[PDB]
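> structure for this input, please:
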Amino acid sequence: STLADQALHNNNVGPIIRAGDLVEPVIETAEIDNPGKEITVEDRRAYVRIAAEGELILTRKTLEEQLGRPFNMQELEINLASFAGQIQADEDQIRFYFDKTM
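Residues are numbered from 1 along each chain as shown. Structure data below:
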């Protein structure tokens, strides 16, 4: 009779972006750098999809910056497709999470 839905708090993240190059050995290496012993990556080729518990944190801004030193942060916000959660960047790092209210 009454429609109701809910899905807040840690659940799972699903960042959808495009594919560049060497994102395979980069994503894998970027995964080992993080204690993500329970994440599933789905890199086809044209795009790059990821799936975690809902909490992720990356600091390999040097690897991402190196892959394309001759660029900026604009290309980052441009080089994307979709997302399941939110994204944040720190001094020199980028973290992902599907958590809404903090």
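> please enumerate the helices of the chain.
Counting by DSSP state H, the chain has helices at residues 23-32, 61-66, 74-78.
> what helices or strands is the longest one leaning on?
Right, helix 23-32. If you count contacts as 3 or more Cβ pairs under 8 Å, 6 or more residues apart in numbering; DSSP states H and E, helix 23-32 packs onto strand 40-43, strand 47-51, helix 61-66. Backbone N, C-alpha and C define where each C-beta goes, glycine included.
> who's in contact with that helix?
Helix 23-32 is contacted from outside by 39, 41, 43, 48, 50, 58, 60, 63-64, 67, using Cβ atoms under 8 Å, 6 or more residues apart in numbering.
> same check on the last one?
Counting by Cβ under 8 Å, 6+ apart, the neighbours of helix 74-78 from elsewhere in the structure are 64, 68.
> in that helix, what's buried?
Counting neighbours by 16 or more other Cβ atoms under 10 Å, one finds that the buried residues in helix 74-78 are residue 76.
> now do residue 95 against residue 46, distance only.
Going from residue 95 to residue 46 by Cβ to Cβ, to the nearest Å gives 26 Å.
> neighbour count for these two, which is higher?
Neighbour count, other Cβ atoms under 10 Å: between residue 95 and residue 46, residue 95 has more, with 15 against 8.
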